[PDB]
Each structure stands twice: as C-alpha cells, then as structure tokens.
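Engineer: After the structure tokens below, expect a handful of questions from me.
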Amino acid sequence: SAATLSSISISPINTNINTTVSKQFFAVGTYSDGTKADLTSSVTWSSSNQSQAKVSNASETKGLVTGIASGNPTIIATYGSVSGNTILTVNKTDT
C-alpha cells in the first residue's frame with residue numbers, strides 16, 4: 001500500500017477499569033491520504049501485567065481485555081512496525 005499511517009489516535013472509552021468487568025477500546029488511524037480506518041482488528045492489544053489481567057479475544061472480539069485489579073495496568077497497542085503505549089487507571093464507579 002502506497003499510503004502509510006500518518007498518525008495514531010485512540011478512541012473511547014477513557015482510562016477506567018470497572019469492578020470486575022471486561023473493557024474494550026478502539027484504535028483509529030489516519031492515512032496520509034486523509035483517509036481513516038479502524039485498526040482495532042489490525043492492532044493487537046496486550047498488558048504488561050498478564051498475571052493481574054488476561055487478554056483473550058477472537059477475530060470478531062479483537063480488543064477485549066478483562067482486568068480483575070492491578071492498581072495501574074498498562075495496555076500496549078502494536079500495529080505492524082508501529083506501536084503506541086497508553087496507561088489505564090484503575091477507577092471503580094461504585095463498590
């Protein structure tokens with residue numbers, strides 16, 4: 001493909017972890033051609049803390065991570081030869 005990823009952007013939801021539920025995030029990229037596309041399926045999500053969190057999702061669920069509790073888990077998104085790191089904060093809406 002002549003066109004290449006011009007920039008990397010992260011879509012909702014903000015950085016927050018629920019009591020004990022799964023949370024999915026979307027990745028948006030802009031091509032130098034001014035075009036946009038969802039790479040959530042092209043990008044592989046993972047966490048440094050695999051012991052306190054596990055990432056398991058089929059091709060149709062790519063982008064699903066469940067975090068029991070780690071205080072401060074870090075999700076790393078890798079796309080081909082380009083990757084971006086982001087920090088997720090542990091915040092429960094209610095007990």
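Just remember, in the structure tokens the first chain shown is A, the second B, etc., residues are 1-based per chain, and ligands are 1-based in the order shown.
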Give me, as a list in words, the residues of region 21-72 of chain A that a backbone DSSP run labels strand (DSSP E).
Structural biologist: residues 22, 23, 24, 27, 28, 29, 30, 31, 36, 37, 38, 44, 45, 46, 47, 53, 54, 55, 64, 65, 66 and 67 of chain A
Engineer: Find the residues near residue 6 (chain A): any atom within 9 Å, counting only C-alpha atoms, skip ones fewer than 5 places away on the same chain, and give them as a PyMOL selection string.
Structural biologist: chain A and resi 29-34
Engineer: Can you pull out the residues contacting region 9-25 of chain A? Cut-off 6 Å, using only C-alpha atoms, and skip same-chain residues under 3 positions away; I want them as number ranges by chain.
Structural biologist: A: 28-29, 63-66, 68, 88-92
Engineer: Could you save the residues just selected, with N, CA, C and O atoms, as a short mmCIF file (atom, residue, chain, number, x, y, z; two decimals), in the first residue's frame?
Structural biologist:
```cif
data_model
loop_
_atom_site.label_atom_id
_atom_site.label_comp_id
_atom_site.auth_asym_id
_atom_site.auth_seq_id
_atom_site.Cartn_x
_atom_site.Cartn_y
_atom_site.Cartn_z
N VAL A 28 -8.04 4.29 16.20
CA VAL A 28 -8.30 4.98 14.94
C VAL A 28 -7.00 5.54 14.37
O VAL A 28 -6.23 6.18 15.08
N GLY A 29 -6.78 5.30 13.08
CA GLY A 29 -5.58 5.78 12.41
C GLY A 29 -5.94 6.59 11.17
O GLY A 29 -6.93 6.31 10.50
N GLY A 63 -9.78 -6.85 20.79
CA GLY A 63 -9.84 -5.57 21.51
C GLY A 63 -10.62 -5.70 22.82
O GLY A 63 -11.19 -4.72 23.30
N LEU A 64 -10.62 -6.90 23.40
CA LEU A 64 -11.32 -7.14 24.66
C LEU A 64 -10.34 -7.56 25.75
O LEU A 64 -9.64 -8.57 25.62
N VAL A 65 -10.29 -6.78 26.83
CA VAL A 65 -9.39 -7.08 27.94
C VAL A 65 -10.13 -7.04 29.27
O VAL A 65 -10.90 -6.12 29.53
N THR A 66 -9.87 -8.05 30.10
CA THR A 66 -10.50 -8.12 31.41
C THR A 66 -9.45 -7.91 32.49
O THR A 66 -8.42 -8.59 32.50
N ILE A 68 -8.98 -7.80 36.56
CA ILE A 68 -9.52 -8.02 37.90
C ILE A 68 -9.12 -6.87 38.82
O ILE A 68 -9.95 -6.33 39.56
N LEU A 88 -3.67 2.95 31.61
CA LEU A 88 -5.06 2.89 32.06
C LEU A 88 -5.13 2.99 33.58
O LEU A 88 -4.36 2.32 34.28
N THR A 89 -6.02 3.83 34.10
CA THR A 89 -6.12 4.00 35.55
C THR A 89 -7.24 3.14 36.14
O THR A 89 -8.30 2.98 35.53
N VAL A 90 -6.99 2.60 37.32
CA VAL A 90 -7.98 1.76 38.00
C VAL A 90 -8.96 2.63 38.77
O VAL A 90 -8.62 3.17 39.83
N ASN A 91 -10.18 2.75 38.26
CA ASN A 91 -11.19 3.56 38.92
C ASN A 91 -12.55 2.88 38.84
O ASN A 91 -13.09 2.67 37.75
N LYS A 92 -13.11 2.54 40.00
CA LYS A 92 -14.41 1.88 40.05
C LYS A 92 -15.52 2.91 40.23
O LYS A 92 -15.41 3.84 41.03
#
```
Engineer: Neighbouring residues of residue 52 (chain A) were defined as those with any atom within 7 Å, considering only C-alpha atoms; residues of the same chain fewer than 4 positions away were excluded. Please report them as a PyMOL selection string.
Structural biologist: chain A and resi 67-70
Engineer: A:57, A:85, A:47, A:72: which is nearest residue 27 (chain A), counting only C-alpha atoms?
Structural biologist: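 Smallest separation from residue 27 (chain A) among the options: A:85.
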Engineer: Find the residues near residue 84 (chain A): any atom within 10 Å, counting only C-alpha atoms, skip ones fewer than 5 places away on the same chain, and give them as a list in words.
Structural biologist: residues 8, 9, 10, 75, 76, 77, 78 and 79 of chain A
Engineer: Could you check which of A:56, A:81, A:74, A:86 is closest to residue 42 (chain A), using only C-alpha atoms?
Structural biologist: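 Smallest distance to residue 42 (chain A) is found for A:81.
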Engineer: Which residue, A:87, A:5, A:58, A:37, has the smallest gap to residue 71 (chain A) when you use only C-alpha atoms?
Structural biologist: A:87
Engineer: Kindly give the distance, in Å, that separates CA of residue 61 (chain A) and CA of residue 43 (chain A), rounded to a single decimal.
Structural biologist: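 Rounded to one decimal, the two atoms are 11.9 Å apart.
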Engineer: From the set A:41, A:80, A:60, A:3, which residue has the shortest atom-to-atom contact distance to residue 26 (chain A), counting only C-alpha atoms?
Structural biologist: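 Result for the nearest residue to residue 26 (chain A): A:41.
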